[PDB]
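A short write-up of the structure that comes next.
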Amino acid sequence: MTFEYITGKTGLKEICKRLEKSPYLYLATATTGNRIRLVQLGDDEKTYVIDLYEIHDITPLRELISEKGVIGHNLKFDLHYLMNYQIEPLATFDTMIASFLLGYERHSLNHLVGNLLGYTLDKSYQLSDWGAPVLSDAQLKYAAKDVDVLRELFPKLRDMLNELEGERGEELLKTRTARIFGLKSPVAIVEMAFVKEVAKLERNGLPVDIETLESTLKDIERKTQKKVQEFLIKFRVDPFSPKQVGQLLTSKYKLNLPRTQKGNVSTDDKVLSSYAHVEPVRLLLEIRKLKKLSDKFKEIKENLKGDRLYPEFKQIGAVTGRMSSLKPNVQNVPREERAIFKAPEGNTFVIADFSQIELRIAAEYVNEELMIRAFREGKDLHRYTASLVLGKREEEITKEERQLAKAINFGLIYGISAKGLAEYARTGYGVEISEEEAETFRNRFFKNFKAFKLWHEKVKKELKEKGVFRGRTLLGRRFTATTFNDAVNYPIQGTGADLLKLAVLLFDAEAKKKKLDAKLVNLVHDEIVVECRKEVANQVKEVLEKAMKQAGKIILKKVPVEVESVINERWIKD
């Protein structure tokens with residue numbers, strides 16, 4: 001029809017020669033089980049449906065794609081199938097990632113066609129059998145259409161992405177992803193290049209020491225059994241029974257607990273947090289925390305394939321650009337329990353983090369010149385803030401007061417209330433201060449760090465007027481917040497997500513230049529973990545650190561970015 005059906009070497013070689021002239025390729029696949037049945041390609045004028053069941057040697061196809069940027073929808077899955085055929089594109093532009101960055105509420109190819117081309121996409125053949133001996137012409141046309149919609153969508157999405165200007169990232173305009181696709185938005189350039197990193201991450205997996213898992217799980221269950229029976233002996237109440245624990249808290253301890261149910265009394269974690277000072281409640285919470293942990297360890301064991309976990313990743317798990325992982329999520333494992341994650345024999349981890357990066361980003365974002373100058377002078381910002389809010393001198397600050405100032409710094413940059421600060425000091429740091437003390441610290445904090453107070457007031461003003469706050473990360477990633485807490489967190493966490501992804505991209509390019517073999521195995525918050533052979537680990541660490549600082553210097557122009565790293569067989573920073 002409007003496409004050429006390719007079933008032989010000579011045809012494949014012709015069209016591959018014809019596609020060598022294109023600036024990029026539109027790409028889709030039709031898969032069956034492990035295999036690709038069809039690869040659909042297009043330039044700006046022609047569409048090809050390539051039947052891998054009829055072609056014994058796809059060397060021209062492999063060679064062509066390896067030198068081209070490809071344009072497709074949710075390319076991570078195509079990348080997985082293509083890697084099964086030793087095929088990897090030079091660069092990627094993902095219309096699904098584009099729709100995330102542009103703020104749509106649905107990101108299917110059908111939603112994009114409906115909104116930008118003004119019609120509904122046919123799905124009559126979405127579930128057809130791509131493993132059948134004979135495909136119908138209707139099936140081949142259905143496969144070809146995916147290329148034709150991508151050709152129509154691409155310039156619109158590219159042009160809309162190019163309106164996402166950033167205050168940083170001009171250095172990315174020369175990169176291949178930006179030049180190949182005509183991309184000028186720094187956040188777009190990063191996320192389009194990052195698609196390949198998520199695909200590799202999803203295939204690499206995270207290795208687990210099952211023996212350490214099993215014996216530590218024993219310890220948790222052993223400790224849980226001890227606390228449960230202590231509770232049973234203390235209260236003669238089953239701590240796992242909502243019946244007995246439910247109104248024992250109301251009958252003995254006279255605690256005004258709500259409904260949800262119409263049999264009811266509610267004793268979930270949210271309500272009980274307000275009564276951590278009541279002995280049965282504190283003991284209940286301690287038991288539940290031990291149970292969550294052992295549940296997580298059992299979930300990890302149950303998701304092992306050999307000695308590795310293979311969670312699924314969402315490249316953009318929230319509007320901040322942070323990824324999410326499911327199947328299992330290990331980001332909630334406490335740091336002190338991450339010893340269960342251990343490279344396989346002969347390998348090791350390189351663990352690298354951006355020091356105080358959230359504070360450094362906030363200081364530059366808000367142009368807080370007291371904190372910028374402290375960071376530029378190499379001061380300890382927690383010790384510095386401790387001196388300001390406590391009225392002592394910096395060298396006199398104890399390490400306990402420094403912990404209190406940590407909570408002050410990480411809390412008050414988001415303008416939380418005095419009550420919220422006292423709450424956050426307790427739960428995040430084990431620090432006990434009264435609401436009155438928190439108010440005093442809050443006043444001294446904003447008296448000194450005026451730019452943060454001015455920023456919080458600006459933000460509240462805008463939210464009052466328009467009900468939303470529309471801002472951007474330093475790379476141009478947009479967000480729309482409807483609460484004050486989202487409006488101040490989103491630009492900082494989003495800039496932090498931009499930085500981590502950018503650091504990974506720079507690491508990968510520099511690792512390829514040096515012919516270094518290394519796998520990304522975890523990326524979260526401020527920390528990058530890669531796995532490599534022991535004999536190259538020192539080189540990988542140096543490459544990772546220099547890529548990280550390169551990323552920091554692109555994002556932050558006034559605040560220096562510090563990086564620390566260790567080499568450890570286990571996911572422990574010691």
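Letters A, B, ... mark the chains of the structure tokens in the order given; residue numbers begin at 1 per chain; ligand numbers begin at 1, in order shown.
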
Inset, instruction - Pull the alpha helix (DSSP H) assignments for stretch 277-401 of chain A out of DSSP run on the backbone, and list those residues as a ChimeraX atom specification. - result: /A:279-302,357-366,369-376,381-390,399-401

Inset, instruction - Write out as a ChimeraX atom specification the residues lying within 10 Å of stretch 88-97 of chain A, counting only C-alpha atoms and excluding same-chain residues fewer than 3 positions away. - result: /A:24-26,62-76,78-85,100-102,104,106-109,112,150,153-154,157-158,176-178,180-181,183,188-189,191-196,315-316

Legend entry - Polymer residues at most 9 Å from residue A:502, only C-alpha atoms, same-chain spacing of 5 or more positions, as an MDAnalysis selection string: chainID A and resid 190:191 194 497 507 547:548 551:552

Please write the residues from the selection above to a file, keeping C-alpha atoms, as a PDB file, in the first residue's frame.
ATOM      1  CA  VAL A 190      18.647  14.538  28.893  1.00  0.00           C
ATOM      2  CA  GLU A 191      15.476  12.431  29.077  1.00  0.00           C
ATOM      3  CA  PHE A 194      18.356   8.618  29.191  1.00  0.00           C
ATOM      4  CA  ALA A 497      16.698  14.366  39.297  1.00  0.00           C
ATOM      5  CA  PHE A 507      29.583   8.708  32.911  1.00  0.00           C
ATOM      6  CA  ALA A 547      31.282  12.788  35.179  1.00  0.00           C
ATOM      7  CA  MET A 548      29.390  13.733  38.337  1.00  0.00           C
ATOM      8  CA  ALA A 551      27.172  17.417  35.622  1.00  0.00           C
ATOM      9  CA  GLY A 552      27.326  19.551  38.763  1.00  0.00           C
TER      10      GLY A 552
END

Inset, instruction - Work out how far atom CA of residue A:305 is from atom CA of residue A:34, in Å to one decimal. - result: 17.5 Å
